[PDB]
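Okay, here we've got a single chain as structure tokens, the form deposited in one PDB entry, with questions on binding and movement later.
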């Protein structure tokens, strides 16, 4: 029996229309063109033989507006003349002479661990694929990014407003990925330097495991539901010792509890038992806990509720 759950991304058209290629000499990557501003990773400034320890302050001073070439390749092509350049954290803010006529309604936001967002993977300013990821508790994402993908963007949507939350910077030693928020800070403790970096321990996202167990109930799979309960407080002390995030309830989870008539605390008890082993059984075709679907995913994809 199929759960009805897929990895669903937002439609990407509105964001495709904002993607550009930024070139600074022998260096190129992707940028995001909104209003009169183009955002891109600041290591587009750095020579290859310096990425291990750049002085980004000195590299920025060395640039002029004419040092940057910004091109839109898809749709109606454009070459954008840079009329101002600034640094904000790990991002460049380039001011251009033309406001993007396709600028959508948008905000900038930071995403929190366990939350899902959509990614538009781009190369040389050309969108090539889209996928969705959950921000991990260690501030990485399990993405799909190759050389030349930096500047690819991640976003959520609230109605027709796009909330840009991520712009891609790097791949870590374990194959996961991280990037900047549009305030210029990097997610987690990472620096945009070509050095090996200390990576932090990941955890199960407990609110997402709960959502996935609700999705199983909504598909008639409820062998793991018992009358026994574990309080949120007691689950959260248990979580600290067992590689789980602490559970924080939300209205989205509450809707799942009302729809199914199964209490959150029943599923917190179930998680504690299932973590010690599924004992030959499966849940939604899996023999281990799934934390990559959010309460919002389950409400929208199965119940049609946004």
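Positions refer to the first chain, counted from 1. If you superpose the two forms and keep the largest set of C-alpha atoms that fall within 1.5 Å, you have the rigid core.
Compared with other deposited structures of the same protein, residue 148 does not meet the criterion of being unmodelled in at least one third, since all of those that resolve residues on both sides include it.
Compared against other deposited entries of this protein, residue 175 counts as consistently modelled, with coordinates in all of those that resolve the residues around it and thus below the third mark. A summary of the deposited B-factors shows that, of 207-215 and 72-80, the stretch with the larger mean C-alpha value is 72-80.
Higher mean CA B-factor, judged across 185-193 and 111-119 from the recorded values: 185-193.
Of the candidates 152, 130, 199, 163, the PDB record gives 199 the highest C-alpha temperature factor. The PDB entry assigns its highest CA temperature factor, among 156, 103, 88, 178, to 88. In the deposited entry, the Cα temperature factor of residue 303 sits in the top third of values across the chain's modelled residues. In the PDB entry, a CA B factor belonging to the middle third of its chain's modelled residues is recorded for residue 43. Among the modelled residues of the chain, residue 222 sits in the highest third by CA temperature factor in this PDB entry.
Among all modelled residues in this chain, the alpha-carbon of residue 141 has a temperature factor (C-alpha) in the lowest third. Per the PDB record, residue ranking by Cα B-factor puts residue 263 in the middle third of the chain.
Not pictured, yet referred to below: the form deposited in another entry.
For the listed set 101, 159, 227, 77, the sole C-alpha moving 2 Å or more between the shown form and the other one on a rigid core superposition is that of 227. For residue 64, a C-alpha deviation below 2 angstroms is recorded between the shown form and the other one after rigid-core alignment. Taking the rigid core as fixed, one finds a CA shift for residue 11 smaller than 2 Å between the shown form and the other one.
Superposed on the core, the two forms barely differ at residue 47: its CA moves less than 2 Å between the shown form and the other one.
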